[PDB]
Each structure stands twice: as C-alpha cells, then as structure tokens.
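The structure under discussion appears below in the form of structure tokens.
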Amino acid sequence: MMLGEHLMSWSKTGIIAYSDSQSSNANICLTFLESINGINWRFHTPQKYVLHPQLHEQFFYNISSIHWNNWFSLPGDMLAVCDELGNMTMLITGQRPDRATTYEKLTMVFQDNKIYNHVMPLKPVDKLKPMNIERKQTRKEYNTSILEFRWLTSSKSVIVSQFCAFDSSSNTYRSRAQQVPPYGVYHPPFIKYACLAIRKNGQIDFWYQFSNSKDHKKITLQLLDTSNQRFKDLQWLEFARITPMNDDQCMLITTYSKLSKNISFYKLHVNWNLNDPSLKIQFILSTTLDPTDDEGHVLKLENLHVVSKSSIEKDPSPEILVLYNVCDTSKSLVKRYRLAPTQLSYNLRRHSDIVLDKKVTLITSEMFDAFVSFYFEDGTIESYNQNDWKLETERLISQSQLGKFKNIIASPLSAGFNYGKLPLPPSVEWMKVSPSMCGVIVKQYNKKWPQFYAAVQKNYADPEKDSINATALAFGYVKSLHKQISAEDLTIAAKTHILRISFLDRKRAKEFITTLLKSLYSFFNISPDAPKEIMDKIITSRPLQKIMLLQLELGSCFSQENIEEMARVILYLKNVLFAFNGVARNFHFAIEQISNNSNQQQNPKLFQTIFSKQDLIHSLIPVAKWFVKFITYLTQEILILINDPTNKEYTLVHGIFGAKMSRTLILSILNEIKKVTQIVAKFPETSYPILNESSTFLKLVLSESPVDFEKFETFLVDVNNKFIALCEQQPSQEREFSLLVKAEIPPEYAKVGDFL
Amino acid sequence: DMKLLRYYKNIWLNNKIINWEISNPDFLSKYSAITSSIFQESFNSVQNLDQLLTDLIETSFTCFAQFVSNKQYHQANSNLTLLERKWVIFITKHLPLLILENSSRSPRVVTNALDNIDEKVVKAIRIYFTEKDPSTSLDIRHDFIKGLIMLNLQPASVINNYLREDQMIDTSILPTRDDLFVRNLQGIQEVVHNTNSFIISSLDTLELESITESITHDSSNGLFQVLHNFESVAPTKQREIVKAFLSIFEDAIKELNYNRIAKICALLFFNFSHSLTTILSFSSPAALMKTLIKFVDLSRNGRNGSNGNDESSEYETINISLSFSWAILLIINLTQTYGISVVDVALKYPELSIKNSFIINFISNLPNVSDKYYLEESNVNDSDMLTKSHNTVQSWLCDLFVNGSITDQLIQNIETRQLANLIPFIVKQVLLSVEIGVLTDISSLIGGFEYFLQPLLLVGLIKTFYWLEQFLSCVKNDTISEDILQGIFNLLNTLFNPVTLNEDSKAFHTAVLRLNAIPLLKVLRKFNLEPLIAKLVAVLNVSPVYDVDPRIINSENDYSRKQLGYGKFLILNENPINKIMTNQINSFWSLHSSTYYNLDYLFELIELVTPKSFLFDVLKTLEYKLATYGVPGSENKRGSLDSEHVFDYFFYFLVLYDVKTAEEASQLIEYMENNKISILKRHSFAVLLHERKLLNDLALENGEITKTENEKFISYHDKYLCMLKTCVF
C-alpha cells in the first residue's frame, strides 16, 4: 500500500504538525525539537487538538492531509488541513483575535462545509473538559475528497543557491547564488491568500480572501465541462498532480483516469484582475502507457509523480516519472516523459529509461532542492538529482575531477553521509526525509513518540577527509538561510560526527570547528578581515544569531571550554545591544513629542503620555545592573591572569578584548549612555518631581560603579589602535578569526599575548 | 448449508459463463464435484443423471432470474449487455446439447424441472417486458422447449402442456428436423446436406461488395442470408458451422491462401445478428488468437520469396495487402469491445516472441502516433535508416499530392508495417498544416485524400480514425473559425463520404468507421456537420453495438429530459460512488441490495476504485459493523463458527476474480508455497497478499512488528490458501 506522503508536514518554523490516528479524543498533534542539556535533544510534549466540522458552535472525522503554507516565500504560519469528508479547515498559529501569541497556540479563520467567518481561538484537548465527541470514521471516498492540495505564492522573489565547486586555483570552495524569479501562478498583494484543491470527482475549488475584508469567497468548477452531468460525476482520478509551468497563470493538471486508461493532461488559466478572479480550463493531450519493456517483461504503473520544474533547468518541461515494476524481479523501471509543443517544418518525447535494483514504496519531492527520493523496500534511500539523475551519495566517486570546476558539491549527502538501517516500511506509519537530507523522520506503530535517524560515515578514522567534510556541511546551512529554514536537523548530524572525532583525539576535533565555520563567511561573501565599514553590517546581521548558535551546540560537550562561552557573551552582548540602543532611538523621538504637544495640558491623552515617558526608563535599571556586573568579570580576570599566565582554563579573556566590533560596540553603548545622560540633564522632568527617581537613579548607578567608565572607555580604545598597527607589521587574516571565534592567540604571535 | 450451496453455485456458474469455459468437456464433472468440494466432510451420494440435469436446469433458471431482476436497481444507462447475450446464447444453445448427449430422454424430468420454478421469475420477466413495451412476448422457456423438439427429445404434445391455457401452438408449423434449409434464388427451401462444401463454394463466389449495401434479405448468396437469419439456426448444426470455420481457417494459414482469408475476416468483423458473439461462446478465444497472431507475426518471412515480375503480382499484392490489413481489424474489435488482451496470450504461449512482436506494441499505441517517422524501431541507434526515412516521406508526399499517381516501385520497396505508420504521419501533417493555415488549397487536397482509399493503401486508415478524437477534442475546446472548420469537415468528408469506392474497399471503409465511431459521435455533436453524423449513424445502424445507449444513436428528435451516457459505467451526484459502495458494504457484510451476482457492474467498479482501496475500505470496516451489530442469520452471539461461514462468502468471491482456468489453480498453490505465474496476474489479490506476507516476515527477523500483528495477517493468507487447495478450479 502507498504510504502517507502528506500525513506530516515540517513547517518552516520548526513546528511538526502530523496526523493522529490512535488517540480517541484528538486527530492532530503539534510538537517541535528542544534541547535537553545543551548536548542532547528531545521532541516537545505533543499538543493534541480535535478537529470536527462543527467547531463553529458532535462527531469528528479523520485527517486526510496536512499542508503547511511553507511554499516559496510564504510566512509558513497559516496551516490548512483537509479532512476525509472534504472539509478544508484553516488554522492560523502565532496570532490571537486580541493580541499576538507564540507559535504553539492555534486560532481559526473560517470553516468550509458554503463558507462563513467565525474567529475562535482553539484550546488543547487535555486542558479542555471531557466532551461528547467520538471518532467517527468516514470510510467513504466522496466526490469532494481532495486528492492534491496546492498553495499559491505572492509576487515576492526568492534568492537561493544552486551548487558550489572547488576552486583549485585558490584551493578553496566557491559558491554562486542565482535569484529565482516566480514561476507558475502567483496571487496579487491585494488578495490576502489563495489556494487550490482538486477533488476526486474532478470538481475544483479556489478559496481566496480579500485583504480589505473578512468575508471569504469560493469559486468551483469541474474538469469535464461536458453538456451531460452523466459524465461530469464520473472522473474518478487515481492521481491528480498539479505542477505549475512557466506559462503565465497556468497549472498542468496531470491526471490519470482509470475510466479511459489514459494519462490525460489539462491546462488551467486564471485572470487575477476588486473583481473575483476568473477560472478557465482547456483540454490538451492524452496518452496511453507502455505495456512491456524491451526484453519482454510486462509493466505495471505503481505511481505517477511529476516534478515541479522551474525555468532554470535546460529543458523546463516537467518530468512525468511513470514508475513501473517488472513482476517477480527486483528491478524497477522509471520511464521519463516530457511535454513539448508540436513543431512544424502537443507531444510527449521519451528521453531515456532508468533501471533501479529495488522496489520503490514511496516518492517525495524535496522543496527548493530538486531532489527525488526513492524510499526502497530495504530502507535505503537513493536521492537522484533533477539535473542529471546521478546518485548524490556516489557522485564524488564517479565525478570527472579534471576540469575548470572540480568537486561539485550540493549537499552534505554528497560527502558520503548515508543513513543507517531504517525500520522496515511495513512497521512504519509514515516517513519523511528531513529538509536538509541529513536525517529521516520515522513514526512507529508501537512508539508513542516520533523517532529520528541521523547520517553516519564509515571511514571516520581517515584524517585527510576533514577538509572536504567541513566544507560540505558549510554549504548545507547556506541554502537553509536563503530558504528561511530552521535547519535543526543539520545541527544534530554535525554534532554526532564531531563527538566521534573527540572520542579518539580531542585536539583534532577543535580544528574541525574552525575550518567548518570559516567556509560560511566565504560562501556568504562576508569577510571578518574586511575594513571596519563592513563590520557594522555584521553586528546587525541575522546570521550571527544562528552561526554563533552552531558552536553553542557543537561545543557543548567540551566542559570548561571557552568556544561556547565566547559565542554566548557576544550573543548576549547583542541582546545587551538591543536594550540600550533599542530604546535610545525610541527615547530620542520622545524629545520632539514634548515640544509640539505642549499646547494641550488638560487633555486625557497627555497624562498617559507623560506617565509612559518616565515609566520606560525605570525598566532599564535591571538591565544596567547586569551591564555593570559584566564588565567587572572581565576586569577581575585581568588581576588573576597576571599571577599565572600559563593557565589555559582562563583563555577566554583574550578573545573578548580581541574582538574588533565589540570594542566599538561598547564604545557606542558608552557614547549613547553619555548622550542619554546629557539629554536627560539637558531635558529633565519638571512637571512631577516624584517621577525624577528613575532619571536620578540612572545618573547614580553610573557614578557609583566600582570602576569608572571613562577609564574603562580608554582601555578598549587603545587596544584597537595597537591591534591595527600590528596588521600592517605583518599581513594575516587568521588573527581576525582567532580574536573573534577561537578566543586564542596563535603560537606564532606569542609575543602579542604578553602585551595584554 | 443450502443457502451456502446455492450462493456458491450461482457465483460459480456466473464466473464459468464469463470465462468462456462452456465448451470445456469438464463442465459436468466440475458441476458434479461442486457439492463434494463445498462440504469438507465426505459426501458419498450417487447422484443420478436426471438429478444433475435437473439441478443444472433450476440453477440456470434462477441465475437468469436474478440476473434480469437485479437490473432495475442499476443506473438506467449503465448499459452492459455482453453477459446478457452470453446467458441467452448459453441457455438456448448449450443446455439443449447438454441434455441431448447427457440425458436419457425422459419427458417427466423436464416437466418436473420446469414445474418446480417459482412464479416470481415469471412475474418479473413479464413486468420487465411490459415496462419495455397484446404483442407477442415470448419467454426463454419457449425457446428451450423448441430446441428440444428439433432434436427428437420430446414429442410435439409436450409444448402444449406448458403453453397458456388459452393459446396453443400448431404442431405442424414447428420445425422438427435438424437439417439445414436455405431459401434459394427461386424461393425453394433447399437442403444443405454438406456444411463445409457450402461455405467454401459460397466463399469462392462471394462478392465483397455485397456486405453492407445488400440491406435486403433476397440476396442470391445463401451464406449471406444465414448471417441476417442467424437467430433461427438448429441447435446441433451451429456447432458444426462454428467448427467448419476453424478447420477451414487454419488450413488457409498453412497454404497461404490470401483470397479466402480476407473474405472470412470481413464476415466476422461486422457481427450481423450477433454472429461474432456466438463464435467466442463456443471455441476458446485463446486458440483463435494464437493462429491469428501467428499469421501477423510470421508474415515477415513470406515477402522474401516473392518477386514482383508477373501480371498476377498486382492481383497478388492487393490480395496480400487485404489479407494482412483485415486480420488487424479482427484483433482490434476483439480487444476493444470483447475484453480480450493481446499481452496475455503471448505470456501463455512461449512460442511467441514478445520482444520481436510487432502486433503487441501496435495495439497498445493504437490511438497515438509518433511525431517522427522511423523505418525500424529496434535499431534507433543507427543513422543509416533515418537518412532514407525522410526520403520516404518526401517521396510519398510528392507522388500523391503533386504527381497524382502512385508508382509501382514505391509499393514494392515498402512493407505493410511502414505503411501502417506512414499514412497517419502524412495525414496528420496535412491536417495540422490546414488548421494552422499553412495549407490553403482544399480542392487539390480533396482529390489527394482520395488516393488513401485504394486497396493497397487500405491498412493506413486504421490509425487515422483513432487520432481524430484527440485532434477533435483539442479542436472542440480551441477557437477555430468556421471557414477553417468547414474546411476541416471538407477534408474529413472525403474519407467519410467517398464519391466512388472500389469493389474491395467499400466494405473495408465501413468496417474501419465502425471501430471507433462512438467517441467520434460524442465529440461531433458538441458543435456540412449533419452529413458526418448522418454517415456515422448510418454505419452504426448496420449491426447492433454492445453497451451503448440506444437513445444516443437516435437522438435526432427524442428529448426524454435525461442526459445521455456514452460510457459503460456512469455515476451521478444523486447516486455517488459512496452510496453504491455503502450499498456494497451492506452487501459485502449483510448481503443486502441487489448489485451482487452482476459481475458486469462489479468488475468495472473494482477497477474504478482499484483492488487496493476496494479491499482496504471493506476489510477494516467489517470490524466496526461486526463489533456492534453481530453476525446476521443467528439470534445468539455465541461461537465463531457462525462468523466463519460469513468470512467464506467474501474470500470465495475473491478467488474467482483471480483464478480463471483449470490448470491455473495448480500453479498458484506453488506461488504461495515459496516468475511466469505472477506475470499474468499483476492486479490479482493473491499477488498483493503474498507480497505483504514476505515483507512483514522480514520485519519479524528484525523485530519492528509485534508478534500479535504478524499472526493476524497470516490468518487471512492461510485462509485464502486453504480454500484454494481444497477446491478444484
């Protein structure tokens, strides 16, 4: 039997919403990955919910498919689930009718049965009282049973990367990113969202919402637009795969109706332009399937998966991969067809045939990766690339090394990281390869919790392969950030390999981290050895919230080590940065509001405005206590290090001062602190003396600090000048990495350490 | 026990009638052994011959009763009549012979058999006939007795016993002798003492023009009169006539007699008065297929020993071309309407080269034509033939569209197989060019398409009509101006309504238009238009068409306020797939509704839902009904033996849908106990059950499945084997 290709959906924000078929009080579950003790990981507690057609005011039905709106560049928060009865239930997470909420709390938009608006925040089943709802099983495949659900993207563009190659001239890996223009059908901004669903009887649906209204509208048609309803209700489509094509506002509805035993093709057209969009349909082509192979073995169509192909590839015609299995033979044939117009001097042109040695039980297409996954019977997975259908795990062995571009790598799977012995599909409810292909999710019958399997490498004792592996995992994150993926799956896989390295040689594992994170900067065209102008851009960059988090997890096992400590203090300084400068801009605008709003004193709006002015500065006081408490720790270590310079356990103090933007960042914090105090002194509170306590306390805490800020200000300023002249004395770029990440000084610069 | 016996026997007869196994001399043996096989315990009763024939009589009558009385619950247009005609043919033809050489000629036993029937069958038959329509309304019982009279089984005084008390039948008028009588040219009923000589003598003097234009029955040819009067042939004599064709046809293949091969195929294709259906009812279609596909495959060696240097060559080449071209049309008609597969026969007979079979891959790609022209398909890796492949295209286009004549050199140098694909290529190029606007001159083309109707080029029309609907379906949705549209009809009408036809091409042209007429009519009506439908309806009325709504053919003025259904199986929203299968669940579990014993409406339903979803949605849904309601027919919820027989109903039905012949069963037992076996049964349940049995056993070694779950699945599997081994198929 075919597996649950759409039973589970990994939302782009990490929420794992999957169908539930065992609990008698719930049909859907929500969970996510969390860290146990910084080293290990565990799934979050399942948040069970119950979905029935009568939430608007009682038996609930099973869930057919779950589709997170993670397609293209969509935010990925609006989850629309279609049940077995055909009702499309839309749930929005991260929002409440009155306020904003976290990502684990759900909310309804509208229910379909006729469509009506009813906003209501859902509640978990466990917290809710025992209700009179029983699991009624809709074991009937209705005319309205949705076969395939597809989302509609907006007019925004997505920028991703295609592949990277090893530049032997510079002995470094180089990657190029190509912008991907939108292709297929996209909804305009004035429409809040749109979606399309194909029902098993051929009836089509088009839900959409106007951005300026709350009422929802639905437009429905039927594929077979014949004059007789006798054939209208006959199109029982076995497979209905919708692949958008480069044709404007066109979707190729590739259907296989067993009534006529032909793979019929269709074309759907929509005119966006507030009038309702118009829907049109036009029949195109129909072909019959091949009965036999070349040698005389008959074939059976197991699956019909057509790839969503953009205009980037050489031939944009979608690949209709009609799978065939030779009976009583381990072989499995995948014939490939392409749809092309008929040219004068449409039609399906056959390119070639590909033979696989094991039977296939599931096919899943990766998103923004162009990878077809063949989940064979024995559990092994062979992901064939869309470009050449060359096996990714064995591409390096068979790659033609000679050429301008060598060692073409697209994913960590190219290095050789193969999954272990996965559980057999008969015991498995559903599988899904993780977005980065680093691991596979397996749900088990007797396991109440989801499992997880990571990739392993057999030749971990060979030290010469560390250069390639670090670069391969470096590019894995490059695609993830461009697609706004959490990439929590990739983080787990990297740590396991590092842990096995550290068990034999602890010294070797430390260098693996340094080389791995260095390639990230080269891939993203960001240089820590650049002039100071780019350095300001680095601090505000989102990646440091994640790339620094990498060593926060990859260095957790190393007790009493400063690799994670160096990243955390810089990361927390960013939080410290958001505290003062986050409100320094806000406080500056409050100065102008005082003068222009001084003509109405008795109004009931100024009194709340006046109260809020002096309340905001009060909340900064607890932050300032940790701000002073932080600078004392580094000054305390100065006295300790002088007596015993040979103590390696206190090498964190070197990196903190060595960081180039941190010295400027603290100076900027000290600059705005002076500006704020000068402004407060220049513009004090006079109407209410009682409110001056917060303003006065701000002056007192600075003066009462055990160490004067002015003396400490000159401390970091002098370090910057001395560390710049040393660069001119001898050119070196590794010292920039050493002062920022390694938190150490190379032995070749041992004289520099004595100066501190 | 009796209910189990009757259900098993009715399904067994239905399956065996569908499977064309009536001609098997093991029918009576299997029918007698049914009673012993059903009951596991020994049942050693000496059943006398009269008992067997009586049991057959009431079984057949009750089966026909259920078959005709279950039809009102079907959709009014879900029309499938092959099995209805098959029941009629069996009951009127074989059962009289079964009595003739199986009975002891006892008049009493027939009276007991036909007096023990319930009046419900008679009431239902009369009600259905009255609703369809005093006018003479004869039942199937009258035809049964009439056949027995001709065989000297019963005296003429027996028919009056069962006649209505107010109406008798004159004894003298009823025929009593089994001798063939034919109306000669002078009106005297001549006695055909010898059958084989009559066929060959008429066949030699037969005219191919007399096929469709001879609407009147007063034709000088005796054999042609028989086809239009096929319903009144004697019981025992028609077996000789069917066997006469087989021996003659096989001898014509051995001697390579091209004249009589082409003529024979023309008679069988058109199926006047259900002539072709009776042929398949007797002789097994497998043996007919084997010899027929041998000719179309072994004809390659026959063209390397003939030299075109005689004035009889053009006579021979036309004779060769028509013999080969007609033999293709016989296969397509059998595959499409009669539900036979060309792939299956190759697997069963090892002497057929599957990889080198041109017929096998031709049928499966019949409605689709390649955009590129290849002289040979197995050697696409070579470029030498592709150089002259384009030469052939330009050589034929210039000679036929500009020169206006077909040179004899072109015909001699090319084979029939290349012609079968060359003609669709050229017509597609010309028609596409006309539609776009590349070709603007029609009159030269109208004459140009006339050259496609010559006897030499007749085989090229087979693929021309199939592509038309795919061409027309795009045309129907696309916006085409009437000036172009009227041109399309003008070019099309040349093939549809020729000005003149040769004496060997007139019957062929009608025959090809008859294969793929039905989908063409549906597309055309969606829009010089009328003549095409008028021609299409004319060729559709020459003989009856199976599984077609009669209202569609004659919808010129009838408006019944009900939309027409062109397909065999039709579905509405008022009666969706849910309601019928929910009624199937009521029948799969409680044997309710009335759609059972109708393998016409059920076999197609299974395919429309696939065996996987069909079995998945019923096996696990049974538990919900069983856990709440209980086993029907028992007032006590004690024991599992009562539920055991209910499970036997479901598993016995699935066995017949998988096993189709006698020796096949002996080979499926070896498939379970563990290549060629599962090839023929790709979609069988047995494959699905066995493939999961081995797969989950692998997980048992690896221990990802609980032992209880594995034990449950094998319980279904061993039950399937247990009934398979204890019952003879």
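Just remember, in the structure tokens the first chain shown is A, the second B, etc., residues are 1-based per chain, and ligands are 1-based in the order shown.
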
(request) May I ask you to extract the residues of chain B within 8 Å of chain A, using only C-alpha atoms, and to give them as a ChimeraX atom specification? (result) /B:343,354-355,361,364-365,368,371,470,473-474,477-478,526,563-565,570-573,576-578,582,607-608,612,617,621,675,678-679,682,695-696,699,704-705

(request) Would you mind writing down, as a PyMOL selection string, each residue of stretch 327-512 of chain A that DSSP on the backbone assigns to strand (DSSP E)? (result) chain A and resi 332-340+347-356+360-365+371-376+381-385+406-409+418-419+428-433+439-444+453-456

(message) Would you compute the distance between atom CA of residue B:639 and atom CA of residue B:719? Give it in Å to one decimal.
(response) 18.3 Å

Distance table requested - stretch 465-561 of chain A against stretch 703-726 of chain A, cut-off 12 Å, only C-alpha atoms: one row per qualifying residue with the closest atom pair and its distance in Å to one decimal, ordered by chain and rising residue number, as CSV.
residue,atom,partner,partner_atom,distance
A:529,CA,A:724,CA,11.4
A:531,CA,A:724,CA,10.6
A:532,CA,A:724,CA,10.8

(request) Work out how far atom CA of residue B:569 is from atom CA of residue B:604, in Å to one decimal. (result) 7.4 Å

(request) Could you jot down the atom CA of residue B:182 to atom CA of residue B:214 separation for me, Å, one decimal place? (result) 17.4 Å

(message) Quick one: residues within 9 Å of stretch 176-188 of chain A, only C-alpha atoms, excluding same-chain residues fewer than 3 positions away - as a VMD selection string?
(response) chain A and resid 72 152 to 165 191 to 194 243 to 251 269 to 270 272 to 273 310 to 312 523
